[PDB]
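Just the one chain here, laid out as structure tokens, in the form deposited in one PDB entry.
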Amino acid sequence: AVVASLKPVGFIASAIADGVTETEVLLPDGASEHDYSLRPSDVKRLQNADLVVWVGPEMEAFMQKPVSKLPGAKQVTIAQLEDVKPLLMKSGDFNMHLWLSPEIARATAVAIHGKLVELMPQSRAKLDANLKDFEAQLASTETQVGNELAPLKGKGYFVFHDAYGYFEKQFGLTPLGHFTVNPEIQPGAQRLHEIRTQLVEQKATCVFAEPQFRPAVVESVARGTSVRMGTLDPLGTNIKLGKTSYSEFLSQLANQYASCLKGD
């Protein structure tokens, strides 16, 4: 199987590996990329993987050690790809939520395709078709999402944690900011006051929770204002792995933004 660290990384892999091999995901639905430790079984999957796909040591730190033991030919380290490095944004150091950038997802698919052709020469024609089919579906999805989000450009909102910058930059969304950088370090009152002052003063439309975290501080901030409440899921928990799952993921996230931000 191809073993992907996070579900959306899995979505990209499953486009390319479709009809070739299985895709498995390490991080369970509900879990956070910022607060996880590998299970004994997670470890076994890694050693036995045909290919491991992950963002890199500044993202899934919980995977760095077991991945370091594998052949270079059996891993894609997304953040370290030559075509990805020029695309990194500071938004230290650089923001590592790379699976929300279509352009990086493209570079990821190319790397996956390239590695799997070497490892599985029996599936070269299928892998080639899968890559073509992935690019076509992604290009259509980018057109669709760009349209869905266009009216929303310029509306301020806050997100729970700093996960969305690549997507927001791509499609012209204009976040006022985020509650947390690391979503485990709960934000203090300081702070929650600064956010609500921004909300009112800058006339924000939305605040967004995330299903991986209890929404209390988000609801608290919105309380006594006209700001609407929504939810974004940077990990696509309700989407199943499969050929068109990455496109479905981007479309779902866009719909989650629009659901709250619509109605000017």
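Residues that one form lacks are left out of the comparison. We call the rigid core whatever largest set of C-alpha positions still superposes within 1.5 Å between the two forms. Residue positions are given as counts along the sequence shown, with the first one as 1.
Not pictured, yet referred to below: the form deposited in another entry.
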Just one entry of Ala209, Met59, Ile195, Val227 has its C-alpha move 2 Å or more between the shown form and the other one under rigid core superposition, and it is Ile195
Superpose the two forms on their rigid core, then report whether the C-alpha of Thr77 is displaced by 2 angstroms or more between the shown form and the other one.
no
With both forms fitted on the core, check whether the Cα of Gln137 differs by 2 Å or more between the shown form and the other one.
no
Threshold 2 Å Cα movement between the shown form and the other one for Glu118, core superposed:
no
Taking the shown form as reference, are the C-alpha positions of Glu58 and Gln186 brought closer or pushed farther apart in the other form, with a change of 3 Å or more?
farther
Kindly indicate if, in the other form, the C-alpha atoms of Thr225 and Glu184 are closer or farther apart than in the structure shown, bearing in mind the change is 3 Å or more.
closer
With the core superposed, could you pull out the runs of three or more residues whose CA atoms all shift by at least 2 Å between the shown form and the other one?
180-198, 212-221
